[PDB]
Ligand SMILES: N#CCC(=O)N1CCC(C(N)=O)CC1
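Presented as structure tokens, the chain that follows is alone, the form deposited without this ligand.
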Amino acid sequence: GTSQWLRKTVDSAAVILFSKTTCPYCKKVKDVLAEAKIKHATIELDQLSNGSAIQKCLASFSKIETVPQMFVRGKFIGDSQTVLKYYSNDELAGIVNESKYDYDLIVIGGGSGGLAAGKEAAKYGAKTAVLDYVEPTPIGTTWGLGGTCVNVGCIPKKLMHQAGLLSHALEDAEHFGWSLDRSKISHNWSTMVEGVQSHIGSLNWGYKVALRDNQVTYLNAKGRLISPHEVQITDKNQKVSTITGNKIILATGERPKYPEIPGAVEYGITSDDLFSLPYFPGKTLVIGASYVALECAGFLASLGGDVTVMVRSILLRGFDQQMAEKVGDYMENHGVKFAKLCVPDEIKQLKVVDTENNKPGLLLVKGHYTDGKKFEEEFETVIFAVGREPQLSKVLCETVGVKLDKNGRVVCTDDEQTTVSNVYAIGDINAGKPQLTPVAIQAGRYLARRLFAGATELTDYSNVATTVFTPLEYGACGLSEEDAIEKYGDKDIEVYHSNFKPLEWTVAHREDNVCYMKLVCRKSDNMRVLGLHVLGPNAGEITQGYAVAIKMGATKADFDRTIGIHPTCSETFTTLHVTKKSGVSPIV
């Protein structure tokens, strides 16, 4: 066990020093490496349980059993006297830079996972390249470094959500004694977009600065893996060339899908276009029912828009369906219209977009309901949110041998390894994993540490908490109620639940029994909490801390013995007592 870890660590590390914290000879070598600006990993044997056994295994590579020992790309370089000899004779820089490959690591994709992986690898001396290119949308929209979340995802959508939440803050302020009149206040779309885009631009710049300051080579170029160690790159002038790397990380993400109907690509838009749109969308149709669809519909309605959502079957497929229906009922009561059990057949253009005067066009949408009946209505903007997909055929030559699944995602081991030994995949293209930004960041950073610093820790993909930022937010961690009943049977499942009213909603005359929470528990396992669900303000702040407790195996008794913080929404979880089986009402 120890021997195999040491072999794998020595072969893979770029520059690694085996050391002890108490040894002055180690301190002397550390100081030389820092002065020469040579970055490296360090393994302190006097701080590992089995450091005595490791010291003996090292002799299989160096034929010495003492410390310090320095290695470069799998080769023993020397002890203290020898390293200092190389430094004195100006031979050290040459030794640490010799490599079979141009780079120790090439990352294809400059988004959530890829930037995290590349920065972390460079910290241990890995010579690293990060490649990023943004293929424009059909109407030509493009953006800078940072990936989907930064440019056209979590960041702009939550900022637009906050703009929508502030409409209710304006209404509430009157009841708390402020002299404004909400009815004579309006919203300016382009002022909001300008501010959102200025924040995104600071993140684009910050990432380029971060990469430069970690000695990472940033190439704004499209990458394609043509053999296990060769990446073909194409730059902004269509100049083609080839770079080589020891380890490869695929981190190229996904893009929005369009339905195969006339007029969709020509006249509709997606979330890729919405967040920098130079005109207010006007009267808008959202086609789809994912969290992207509902989040976007919700803030457009809160900003004063006329919004309709076209739903093929159900809302939020894959989420707890009691909770999804409560989310949708709140939206319908607060201005969002729904065309239920309905799909589109074609989009016709009635007016072209007026780019000079900053106005949308006009469109006729024709479709039909599920029994046979018809749909026909005019809209200024049509947004498609019908799923996302990778296009790895562009990124990856099939002759390399990387196995994909039926959906086109990469099949990986539990340490992110593909079917080709030196190639790994992280983020949204890793098949079967939750498609979330903090998952991609944890996978990338943890992988870099295993490759270049001898770490062993794996990423844990189970019970990852979520939040849907609809006008009333929905946070969750663990199983839906239906999935728990399916897995264990109804007689083994107990559900505790309650409505609640935020104290902030009392003076503001908001609704009594719309916010709601539940704990789905397994009777035969000490009332283990299988899933937690909350519909209410600040649901992501509420949910996050409980995800640590669920990771640790919390039971209902653990929630009961913990005391609440008053007055908060979250404290309601600490005193739940009404079961669904009892039939007693959950209202306040």
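Rigid core (definition): largest C-alpha set, two forms, superposition within 1.5 Å. The first residue of the sequence shown is number 1, and the count goes up from there.
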| task | Going by root mean square C-alpha distance after a core fit, say whether 472-480 or 177-185 is farther from the shown form in 9 other deposited structures of this protein. | result | 177-185
| remark: Between 389-397 and 368-376, the one drifting more in C-alpha RMS in 9 other deposited structures of this protein once the core is aligned is 389-397
| task | Mind pulling up the entry and telling me whether 471-479 or 245-253 has the higher mean Cα temperature factor? | result | 245-253
| field | Stretch exceeding the other in mean C-alpha B-factor - 342-350, 267-275 | value | 342-350
| Which one of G51, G553, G531, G545 shows the top CA temperature factor in the record? | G51
| said: Just to confirm, going by the entry's C-alpha B-factors, which of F280, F452, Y291, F319 comes out highest? | reply: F280
| task | Sort the modelled residues of this chain by their C-alpha B factor and say whether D31 lands in the lowest, middle or highest third. | result | highest
| remark: By the entry's values, the third containing the CA B factor of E295 is the lowest
| request: Sort the modelled residues of this chain by their C-alpha B factor and say whether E541 lands in the lowest, middle or highest third. | output: lowest
| field | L180 CA temperature factor, ranked by third within the chain | value | highest
| request: Consider only the C-alpha atoms of the modelled residues in this chain, order them by B-factor as the entry records it, and name the third containing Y424: lowest, middle or highest. | output: middle
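Just so it is clear, the following notes concern the form deposited with this ligand bound, a form of the same protein that is not shown.
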| query | Within 4.5 Å of this ligand in the deposited bound form, do we find a heavy atom from each of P136, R255 and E260? | reply | yes
| Contacting member of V265, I77, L458, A210, with respect to this ligand in the deposited bound form [4.5 Å, heavy atom] | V265
